[PDB]
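J.: Before I ask anything, here is the structure I am working with.
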Amino acid sequence: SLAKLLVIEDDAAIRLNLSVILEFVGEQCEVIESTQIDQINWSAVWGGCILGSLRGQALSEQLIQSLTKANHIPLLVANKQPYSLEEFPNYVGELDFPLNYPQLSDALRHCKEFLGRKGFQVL
């Protein structure tokens, strides 16, 4: 991935966990809490958006609006969540816990491939 990964995760320990591991596999990321979605340029080309645990156990209407408009961003879910992303056409799958290199690499690969179909890059 050329572009940073967006990470939206309301658990501090998992923000740390995801940040350390993504950096480890050579990715850059912007890690925020769900109350910070206004701080994100959703129109730009991101390497992907990883959604994790969210306050209220659900997608806020604001995040829904953002995820809907930003259909060019491939979406991953980190761990099993009470919410679902099936409605989103840019949803590309889930990251299994505990995280491991082969499964994470596949997930990030699916993000790259998605971006490729959208016309954004070639590896």
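Quick note on full-length UniProt numbering: the sequence shown kicks off at 3 and runs consecutively.
Don't be surprised by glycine CBs; every beta carbon is placed ideally from N, CA and C.
Which same chain residues end up closer than 6 Å to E32 when comparing Cβ atoms and leaving out the 5 residues on each side of it in sequence?
T.: Taken in chain order, the residues that qualify are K6, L8.
J.: With the cut-off set at 9 Å, would you say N81 and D98 are in Cβ contact?
T.: It is a contact, given that the beta carbons lie within the stated cut-off.
J.: For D12, which residues from the same chain have a beta carbon less than 7 Å from its beta carbon, with the 5 sequence-adjacent residues on both sides left out?
T.: Excluding positions up to five away in sequence, the list reads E35, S36, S55, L56, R57.
J.: Any chance you could list the beta strand (DSSP E) runs of at least 3 consecutive residues sitting entirely within the region 42-70, in chain order?
T.: Listed in chain order, the complete beta strand (DSSP E) runs (minimum 3 residues) inside the region 42-70 are 50-53.
J.: With burial defined as no fewer than 16 other Cβ atoms inside 10 Å of the residue's Cβ, what is the status of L20: buried or exposed?
T.: Buried, by the Cβ-count rule.
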